[PDB]
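Coming up is one lone chain in structure tokens, specifically the form deposited in one PDB entry.
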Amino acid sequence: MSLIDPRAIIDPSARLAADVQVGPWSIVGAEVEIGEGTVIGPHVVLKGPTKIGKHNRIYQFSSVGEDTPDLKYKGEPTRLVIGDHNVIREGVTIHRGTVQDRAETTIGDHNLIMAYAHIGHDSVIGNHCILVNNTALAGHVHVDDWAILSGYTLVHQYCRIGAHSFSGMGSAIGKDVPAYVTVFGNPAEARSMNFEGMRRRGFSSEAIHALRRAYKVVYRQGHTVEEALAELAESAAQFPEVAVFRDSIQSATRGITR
């Protein structure tokens, strides 16, 4: 046994750390860089320019670093960056960026991306996220830390998925999801907050209550989004956790001079 299967294809211009493993019938294309302790399964296609960090696991039938088919993209040298300790399951597609945004699709650390998920050009994923089977980010999607997207969740171009937020299965998301919020259906509707998530992060009980009141201000009291932001000001100064929620709504809603 060697760590790189003789049946794999490694481009001369690829750069692999010493203890990387690559399974049989995998392609590591030009300008792919792979960090210490990462494991590429069999039947994987990597394409560049792509940087993959340390201790990742990528499973069979995944195409990572492919060009978007968007007719916007004309063959420019855009990037894909993946951090550390990620798991990418079978059949996942991840596309590199486009020059019209930041020229980079980026993924953080400790993420779990389950089978057949799609991560479109220019998307940005944080840390500790979970994208369940067949979740699809159309492009330019920002997913902040600890978010969970249930299976077959679809996200339109440019949407922001907030920290600790949660989508139900078969959700079709067309607007930002504020931090902590749970959404369901097609089209997606806000229902509650992800209290399970807050429990696991060990939030105080006072903070959990504050976040429920915050939900009610925004969603259950007839406030416009402007009026809600004003009402949340007190509660956001009292609790770092509520400030995250206010900040996610703030940055979603410029509006127009009326």
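Residue numbers run from 1 along the displayed sequence. Throughout, rigid core stands for the largest set of C-alpha atoms superposing within 1.5 Å between the two forms. Shifts are known only where both forms have a C-alpha.
Between 107-115 and 68-76, it is 68-76 that carries the larger average Cα temperature factor according to the deposited entry. When the C-alpha B-factors of 94-102 and 146-154 are averaged, 94-102 comes out higher. Between the residues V45, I40, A30, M193, it is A30 that shows the highest Cα B-factor in the PDB record. The PDB entry assigns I58 a C-alpha temperature factor belonging to the lowest third of its chain's modelled residues. When the CA B factors of the chain's modelled residues are split into thirds, the value for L211 lands in the lowest one.
The form deposited in another entry is left out here; the points below concern that form.
The residue among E31, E66, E36, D70 whose Cα moves by 2 angstroms or more between this form and the one not shown, once the core is superposed, is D70. Once you line up the core between this form and the one not shown, the Cα of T253 ends up 2 Å or more from where it was.
Comparing the forms between this form and the one not shown on their core, residues 70-72, 221-227, 253-258 form runs of at least three in a row where every Cα shifts 2 Å or more.
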